[PDB]
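Participant: Please see the structure below; I have some questions.
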Amino acid sequence: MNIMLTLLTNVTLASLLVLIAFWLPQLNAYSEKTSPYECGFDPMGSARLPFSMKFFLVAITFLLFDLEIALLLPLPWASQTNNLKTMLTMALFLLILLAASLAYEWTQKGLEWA
Amino acid sequence: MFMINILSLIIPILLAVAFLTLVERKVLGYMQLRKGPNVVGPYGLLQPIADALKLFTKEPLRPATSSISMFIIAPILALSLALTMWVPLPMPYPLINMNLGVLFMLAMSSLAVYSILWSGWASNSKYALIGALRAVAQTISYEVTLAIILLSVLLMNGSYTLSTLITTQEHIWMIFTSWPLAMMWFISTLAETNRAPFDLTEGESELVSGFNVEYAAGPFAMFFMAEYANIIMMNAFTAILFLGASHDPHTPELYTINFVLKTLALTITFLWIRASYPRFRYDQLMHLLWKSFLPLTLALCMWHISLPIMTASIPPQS
Amino acid sequence: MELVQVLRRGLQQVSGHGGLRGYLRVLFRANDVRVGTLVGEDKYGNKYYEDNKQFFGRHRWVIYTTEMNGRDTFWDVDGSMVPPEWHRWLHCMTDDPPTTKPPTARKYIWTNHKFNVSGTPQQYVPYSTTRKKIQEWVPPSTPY
Amino acid sequence: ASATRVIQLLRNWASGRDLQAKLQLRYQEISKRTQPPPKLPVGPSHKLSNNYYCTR
Amino acid sequence: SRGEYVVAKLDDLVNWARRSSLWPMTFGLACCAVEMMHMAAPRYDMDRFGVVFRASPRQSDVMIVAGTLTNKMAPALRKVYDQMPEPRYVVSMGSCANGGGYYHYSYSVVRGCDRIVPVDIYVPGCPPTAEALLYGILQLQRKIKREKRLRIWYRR
Amino acid sequence: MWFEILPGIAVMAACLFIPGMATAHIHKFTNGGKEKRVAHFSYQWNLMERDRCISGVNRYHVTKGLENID
Amino acid sequence: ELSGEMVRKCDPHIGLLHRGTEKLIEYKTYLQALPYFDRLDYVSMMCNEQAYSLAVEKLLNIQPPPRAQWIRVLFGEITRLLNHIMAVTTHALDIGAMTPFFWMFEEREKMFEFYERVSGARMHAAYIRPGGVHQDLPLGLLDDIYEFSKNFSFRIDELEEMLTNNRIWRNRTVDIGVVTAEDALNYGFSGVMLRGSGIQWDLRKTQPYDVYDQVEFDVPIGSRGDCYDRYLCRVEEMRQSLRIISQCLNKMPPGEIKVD
Amino acid sequence: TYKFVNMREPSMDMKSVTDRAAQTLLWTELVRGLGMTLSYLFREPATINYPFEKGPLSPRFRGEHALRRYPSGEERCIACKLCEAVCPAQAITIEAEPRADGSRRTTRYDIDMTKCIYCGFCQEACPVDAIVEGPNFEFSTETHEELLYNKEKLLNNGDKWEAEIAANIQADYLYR
Ligand code: SF4
Ligand code: SF4
Ligand code: SF4
């Protein structure tokens, strides 16, 4: 419950800072001031228009790489087993497969953008 | 008494961030043949207070196109997580002692990213959207390498418990055992905090102000405080992990001092790098982290898995 | 080692400004605590110092008076408070202080230099200095 | 410069050169700010004879 | 009274913070912007006074109009000024931004930024020296020091 | 010169030294002048719970030695 | 027009600083139009004066005195150091390298008072006028210029230490903005934009003016046309300017500074 | 007569290749730049303590304008109006009348510092050294109207800075 207390205190402190920020200063708002910033000129299109990702494949593969990182996390405890041969072979197998996937993506020009 | 401990871990950290702003300014100045803040207070010691008072007395503006809820939630998440990632740090005794504090730090950093994302998205500006997408690309590039390097260097620790790091380094710094991993981890921490040669989320010279371009007064101060608190916390993590310090159980102050000095040295090196190199292009950042680190991180992960088994030096589980 | 010499220089800087109180006074007014030879003092109270050991640009400096022309200038020190005769020496237009080479005395030269009085009631307000060009016709006062 | 020998050695090693030789800050090698009065020369047309403007 | 003393002390605290942490926006139009860069140069070091050149107008406190304000540029300057959160100040640098300078009688030059934005400090010169601009900014700090914003509120 | 940066570094050093010392002193204060006992595993927590009952005052820090037996 | 962050189309909109200089010149005498050129390139002022002065002198069918020409070249190359410092440091500043900006702008400050000590203005000196210059060099100016140029070489080498071999700087500049030699000529490029693509052309060598035919210097030539090669050309041009400045500081002739 | 930047092939000796690989992996040039800026850290900063320390200036400095007077105390300005005619910004406005003594004295001498380009052409054209750009450069005002100088403003300025203006003229007039 101590971690919950710490989280609550941090969140409350941050929200109190927000409250003081939004209620201490003298506020004078008008349409021009709150307009979006586009380096002094009016924006052409909406900022909510599609924004193409030139590294989409990199992200989709980062998904599986994060999966492999999740698979590799139990390794510090896995070294405490009596079957060190099998454990080591399986860990090196997972790492080799990760390297092979990275190599396949690299050679087939997947890490490149556009 | 636990609430007193929470306050004694949050308020001093905020003061340290405030004075780290001044320290960075003065270090950059003296490395640029200049003098940092030197008028406001003796040797500029009152500059952070003036900055904070100005920002919190400055009118905050709510953009007309912005989604208010996310626009306000993002700064809170950033600061709250920046203050929370100090909870498990062993200095020498951690406030909250977790068996898996390291994974807690990883998860807390992963969540903090959404602050930049939502701040950018909700800001509803082209520059803010570009900054948010750059933050996404940045976290795509470093997260895997960060986790792999951390796992490899913790393979000699025996567990993800942060306190055990002090014991593992009781005779020797772990940097003498994994200095390539130390270099890659340092660069990954630079990239993570949106810091030197990796200041792409903000991009002062390319994106005006990045994701926080539409933020002013208080919320901007909160994002700055969160950024610098993350800087200090990540440098503290680098200190405990590689630059271990002696801990006399009867005089914890010895460790605390050694730890603080090492963290200060690492932060000073962060500023040193900030005032010495040009900025990367985030395409080049992703290419570096995916094609020079990641293969090497995988190779060193294999090496640090095989080494304790081949040398009969597996660290204890407990 | 020479660190002892550096600390000795620091303590000498403390002593030179007339004790710790003077050291703090010069610290919080000019943000500089180094001592220099006193070239001279103008009638307004400003004191001009010199130290040729410093690099060009800091070998001459002025400590402004705390009161000038009925204005409290303890903190509101202004760059226009330097009288014209010391303006040459301070800005390195000459190597001769006005104490050594006095300015030529003219009766029309102000006997009391005034700082920038913008924002004060003594500020300059522009106006036309010529007289009215066309004179209107004054109607007679007698009826018809 | 008013830099100690240790600081000067550290600066020279970090830079890799002898900085105390070609200091950027100016101390005494500058020209004096009160120079003697000059006497500029006249041009090639400052003569009292054979100087009609139609020839130049 | 005790009320005035607290308000006066609070007003001094507010004024001191604003005047000692002035954040001009990186906004330079012409020749005067080059001399503005020399105020941030090591010799004069505007950062030494707390004056830090932020980029976004929303994170700035002063707009230093340094250069000619052409007609094509005037709407851009106004919108960038309007996006500055209050309290905001404008410092006119150079005779071009003061009253048109060399290009006063030009078909495409605004005769001073005063016709577009309210100006607090006018810095004369073509270009004003880096000290002249620094003098104007330090004069702006004094002007902020004489701001009785809360003190008037207590007497409204 | 460069030593003018030192005051700020020292202030930050004090601000970062406060957390650690405060935590250690609070742990010693709330655990009877001893390091706060860690309970990484259930065996350690069971030891802590038994110690609490043995103390009789519902506090684990107070330890009863050979004087308690017989 | 950006597809993500790839630049599909780049449309420069200019005229935000169009002050009508060319129209205003028509209403003012030739002397009154000289200060207008100081404001055209406000990073390289005295070079603009020289170009206008040469044009007027060519129409006037007059010749500036020998000493004035050397002063036009001595301050012509000091002006080149002013511009290349601004050109390189601000280029690096926009990339992200902020530190070299402050290092060189202190030297840029030292050269500014060279302008001020000879004319009375730090930037717009209006010193080079049709027929020579305005005033002769004040006593002790040549010595101070020598002292500055003596140590300025180290400043360039310090600049190169931070950028020339930095892999981050090379990644940001190598193979960026490559211009072919044929395209550069057709598009009207000149100066470093030509010599960065290998084109051997310098107007001080092929068509010398003033006493540029009496000074010796090397023209740096690029090989790939990218930003990095043009960065090396400008850095080397600063070094070659010091080579020219030393010759001007030793070949300064006696005489008047205005056509008699 | 020309030089090749770049255009330098690398040696492929195994020692040279190993040195290049060490540079790539251990970041030797990055540490080199780090050492460069660290050396710059321990230098003495070039900052001057303004306004207590002022930057170097010269007698030829062109600053705030001022109307000088003859040692007798009388104005030197004899309303020849060529300072107004030479002014490239048309900042000077001059009106003159025969004074009560019958001399050429201006009734209006107005210069808007908000239009002047600080060229000096005025002080160079004046045949009696009346209008002179003085040494003052810190005269910033809070309002636009204060920069539209009258004849009274200029005369007052001249009387205030005369000592310095004279000294500068004496120091520089031989070059003019
Ligand atoms: S005032 Fe003069 S220097 Fe400044 S922008 Fe205008 S023309 Fe250029
Ligand atoms: S100031 Fe000089 S040039 Fe101008 S009108 Fe008077 S006498 Fe003539
Ligand atoms: S300095 Fe130049 S612009 Fe100003 S009044 Fe004199 S001649 Fe006119």
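Here Cβ is always computed from backbone atoms with ideal geometry, including for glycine, and neighbour counts include all displayed protein chains. Values in this text are rule-based calculations from the coordinates and carry no lab data.
Participant: Give, to the nearest whole percent, the P(r) tail of chain B beyond 38 angstrom, counting all Cα pairs.
Facilitator: When every Cα pair of chain B is considered, 14 percent fall beyond 38 Å.
Participant: Calculate for the protein assembly as shown the 222 nm mean residue ellipticity that helices alone would give, adding -39,500 (n - 2.57) per DSSP H run of length 4 or more and normalising by residue count, nearest 500 deg cm²/dmol.
Facilitator: Helix-only estimate at 222 nm: -15500 deg cm²/dmol.
Participant: Taking Rh as the Kirkwood radius, which is the inverse of the mean 1/r over Cα pairs, what is the Rg/Rh value for chain F?
Facilitator: 1.31
Participant: Turning to a different aspect of this structure: Report, in degrees rounded to the nearest 10, the 0 to 90 angle that the Cα long axis of helix C:19-30 makes with the longest principal axis of chain C.
Facilitator: It is inclined by approximately 40 degrees.
Participant: Each residue of segment G:178-192 in turn: what ³J(HN,Hα) in whole Hz from Karplus with 6.51, -1.76, 1.60 and θ = phi - 60°, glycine and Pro shown as x?
Facilitator: Working through the residues one at a time gives 6, 10, 6, 4, 5, 5, 4, 5, 5, 6, x, 5, 8, x, 4 Hz.
Participant: Here is a follow-up. Is chain G rounded, prolate or oblate when judged by the Cα gyration tensor, a ≥ b ≥ c being the square roots of its eigenvalues, rounded requiring a/c under 1.5 and prolate requiring a/b larger than b/c?
Facilitator: In terms of gyration-tensor shape, prolate.
Participant: Let me ask something else. Under 5 Å between amide H atoms, partner at least 5 residues away or on a different chain: which partners does E:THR70 have, H built in plane at 1.01 Å?
Facilitator: E:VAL110
Participant: Taking the Cβ of each residue in C:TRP137, A:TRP77 as the centre, tally the other Cβ atoms inside 10 Å and list the residues starting with the fewest.
Facilitator: In increasing order of surrounding Cβ atoms, one gets C:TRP137, A:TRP77.
Participant: What is the Å³ per residue value for the convex hull set by the Cα atoms of segment A:1-108?
Facilitator: Convex hull of Cα atoms, per residue: 199 Å³.
Participant: Using the alpha-carbon centroid of each, what span in Å lies between segment D:1-44 and segment A:44-114?
Facilitator: 58 Å
Participant: Also, quick follow-up: For the residues E:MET84, E:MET46, what sequence is obtained by ranking on other C-beta atoms within 10 Å, fewest first?
Facilitator: Lowest to highest Cβ neighbour count: E:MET46, E:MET84.
Participant: Of the peptides G:1-12, C:121-132, G:216-227, A:82-93, how do they stack up when ordered by the mean number of other Cβ atoms within 10 Å, highest first?
Facilitator: Averaged packing, sorted descending, gives the order G:216-227, A:82-93, C:121-132, G:1-12.
Participant: Distance in nm between label sites at G:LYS251 and F:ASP70, each 7 Å beyond Cα in the beta-carbon direction?
Facilitator: If labels sit at G:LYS251 and F:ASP70, their model points lie 11.3 nm apart.
Participant: Two-decimal Rg/Rh of segment E:1-116 from alpha-carbon positions, Kirkwood Rh?
Facilitator: We get a ratio of 1.08 for segment E:1-116.
Participant: Now for a separate question. Under a cut-off of 24 Å between alpha-carbon atoms, report the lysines in cross-link reach of E:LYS72, not counting same-chain residues fewer than 8 places apart.
Facilitator: Counting by Cα, and skipping residues close in sequence, E:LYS72 has these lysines nearby: A:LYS33, B:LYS126, G:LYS9, G:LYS23, H:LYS115.
Participant: If you project the alpha carbons of segment B:72-149 onto the principal axes, what extent comes out on each, in Å, largest first?
Facilitator: Principal-axis extents of segment B:72-149 (Cα, largest first): 45, 29, 15 Å.
Participant: Output ³J(HN,Hα) for segment C:101-106: one whole-Hz value per residue in order, computed from phi by the Karplus curve 6.51 cos²θ - 1.76 cosθ + 1.60 with θ = phi - 60°, and x for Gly and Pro.
Facilitator: 9, x, x, 5, 8, 10
Participant: How big is the C-alpha Rg of segment G:34-153 next to the rule-of-thumb value 2.2 N^0.38 Å, as a ratio?
Facilitator: The value comes to 1.11.
Participant: Using 10 Å bins from zero, what percent of all Cα-Cα pairs in segment H:79-176 falls into each bin?
Facilitator: Reading the bins upward from 0: 14, 46, 34, 6.
Participant: Counting pairs of Cα atoms in the protein assembly as shown, how many percent are more than 53 Å apart?
Facilitator: 31 percent
Participant: Under a straight-distance cross-link criterion of Cα-Cα below 19 Å, which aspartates and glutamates are reachable from E:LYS148, leaving out those fewer than 8 residues away in the same chain?
Facilitator: Leaving aside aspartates and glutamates fewer than 8 places away in the same chain, those within reach of E:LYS148 are B:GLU59, C:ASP72, C:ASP76, E:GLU4, E:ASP11, E:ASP12, E:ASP61, E:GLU86, E:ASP120, H:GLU142.
Participant: Looking at chain H, do any whole DSSP H helices span at least 15 angstrom along their long axis by alpha carbon and average 0.0 or above on Kyte-Doolittle, and which?
Facilitator: H:28-41
Participant: Turning to a different aspect of this structure: Could you give the semi-axes, largest first, of the ellipsoid that matches chain C, computed as the square roots of 5 times the alpha carbon gyration tensor eigenvalues and rounded to whole Å?
Facilitator: In descending order the semi-axes read 51, 18, 12 Å.
Participant: Separation of segment H:1-36 and segment G:14-31 by C-alpha centroid, Å?
Facilitator: 50 Å
Participant: What do you get for the angle between helix A:2-23 and the principal long axis of chain A? Use alpha-carbon atoms, 0 to 90 degrees, nearest ten.
Facilitator: Between the helix axis and the principal axis of chain A, the angle is about 30 degrees.
Participant: What is the ratio of the Cα radius of gyration of chain H to 2.2 N^0.38 Å, with N the residue count, to two decimals?
Facilitator: For chain H, the normalised Cα radius of gyration comes out at 1.82.
Participant: Here's another thing I want to ask about it. What does the charge count near F:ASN31 come to, summing +1 for each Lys or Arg and -1 for each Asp or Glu among other residues with Cβ under 13 Å from its Cβ?
Facilitator: So the surrounding residues net to +4.
Participant: Net charge near E:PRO24, counting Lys/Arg +1 and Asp/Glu -1 over other residues with Cβ under 9 Å of its Cβ?
Facilitator: 0
Participant: Next up: Under 23 Å Cα to Cα from G:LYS150, which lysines show up? Leave out anything in the same chain fewer than 8 places away.
Facilitator: Here the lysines satisfying the reach criterion relative to G:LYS150 are C:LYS53, D:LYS22, D:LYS32, G:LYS110, G:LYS251, H:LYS3.
Participant: Residue by residue, what Karplus-based ³J(HN,Hα) values in Hz, rounded to whole numbers, does segment C:117-133 have, using 6.51, -1.76 and 1.60 with θ = phi - 60° and x for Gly and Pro?
Facilitator: Listing the rounded values in order: 9, 5, x, 10, x, 8, 6, 8, 10, x, 7, 6, 9, 8, 7, 5, 6 Hz.
Participant: Please get the size of the charge dipole for segment A:1-108, origin at its Cα centre, with Cβ charges of +1 on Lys and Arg and -1 on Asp and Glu, quoted in debye to the nearest 20.
Facilitator: Rounded to the nearest 20 debye, it is 220 debye.
Participant: Would you work out the Kirkwood radius for segment E:76-156? I mean one over the mean of 1/r across all pairs of different Cα atoms, in Å.
Facilitator: 14.2 Å
Participant: Also: Could you tell me which helices of chain G pass both thresholds, a Cα extent of 15 Å or more along their own axis and a mean Kyte-Doolittle hydropathy of at least -0.5, with helices taken as whole DSSP H runs?
Facilitator: Passing helices, by number: G:45-60, G:66-95, G:141-163, G:227-250.
Participant: I've got another one for you. Using Cα atoms only, what is the angle between the long axis of helix D:5-15 and the major principal axis of chain D, expressed in degrees (0 to 90) to the nearest 10?
Facilitator: The angle comes out near 70 degrees.
Participant: Apply the membrane-span-like helix rule to chain B: whole DSSP H runs, Cα extent along the own long axis of at least 30 Å, mean Kyte-Doolittle hydropathy at least 0.0. List the helices found.
Facilitator: The answer, listed by residue number, is B:2-31, B:101-123, B:126-154, B:217-242, B:252-274.
Participant: Here's a follow-up. Can you check what the net charge comes to around C:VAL14, using other residues whose Cβ is under 15 Å from the Cβ of C:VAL14 (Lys, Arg +1; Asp, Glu -1)?
Facilitator: Summing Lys/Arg as +1 and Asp/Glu as -1 gives +4.
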